[PDB]
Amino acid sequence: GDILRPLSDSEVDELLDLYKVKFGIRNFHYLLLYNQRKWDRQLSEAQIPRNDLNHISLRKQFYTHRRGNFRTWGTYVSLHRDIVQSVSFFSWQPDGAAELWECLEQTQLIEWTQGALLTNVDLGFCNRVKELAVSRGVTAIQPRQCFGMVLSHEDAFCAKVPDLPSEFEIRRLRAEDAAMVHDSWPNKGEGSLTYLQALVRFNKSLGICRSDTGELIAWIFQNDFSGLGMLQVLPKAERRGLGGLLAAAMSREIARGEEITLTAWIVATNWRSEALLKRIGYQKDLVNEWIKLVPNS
């Protein structure tokens, strides 16, 4: 069949420890692998059939070169489904990573022409992968640089957290909250409402509501790397220190509920989020690209 061969659950687990050993607990591919398997376990105990349409956003299918050993170079390609197809991949083969590109170029499981989203792409794979996209029909690409911010577990565990102003209350988000958080998205085409609903269910989240009206005014989620994501404060509540409060609280909550490095993916131009994350202790130790391929025509 395809040059990409689906790894069994047992193999993904091995893939996970390979990255753990090779790069350490702060590595983003390890975090991605760690996160997925965490969800796999939960969704399993929650007796939710795989491929379940309203939870598929919480699933991933890992693959490797059908005629290669995923252990020698950690070569892998994952496929995710929500609105479009999201692809992640890596390999540490010392020279051009032939095995990897053999996979990406010879496979037909990737929707190069159907708006596929390339997530967390290493800077060394960006140019070549864009050329490939074009060689397969892509006529327009929308790439963006993201900073991978990192905070050790120890730091997150012992982190301090600001005081919440009387005007507000904090609570975990609930299903009804999903639609509001989704409505404040300007370029909402990568994450679906149902994805958000799955996240409020299986991931940690935090919302800030006015003690009066009870109106949700700011929120933060745990992301697909078990770190922080989708932070946002409605304009009418800006400059009240809530943004930094959410980030601090979520960092602490995650670190005390599980053992992992806290991280966050932010757009390189989001100077304000970089700044508040930095104040909490997060450091910038990675730069990756998110490459959104525009559907043919």
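All residue numbers refer to positions in the sequence shown, first residue = 1.
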Going by the entry, of stretches 112-120 and 212-220 the one with greater average Cα B-factor is 212-220
Got a sec? Mean C-alpha B-factor, which is higher, 48-56 or 34-42?
48-56
Of the options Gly227, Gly74, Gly207, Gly189, which has the highest CA B factor as deposited?
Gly189
Going by the deposited entry, which of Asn203, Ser152, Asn127, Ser91 has the highest CA temperature factor?
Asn127
CA B-factor placement of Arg81, once the chain's modelled residues are sorted into thirds
middle
Third of chain Cα B-factors occupied by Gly148:
lowest
Ranked C-alpha temperature factor of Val181 among modelled chain residues, by third
highest
Taking the values exactly as deposited, rank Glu238 by C-alpha B-factor within its chain and report the matching third: lowest, middle or highest.
highest
Would the CA B-factor of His29 place it in the lowest, middle or highest third of its chain?
lowest
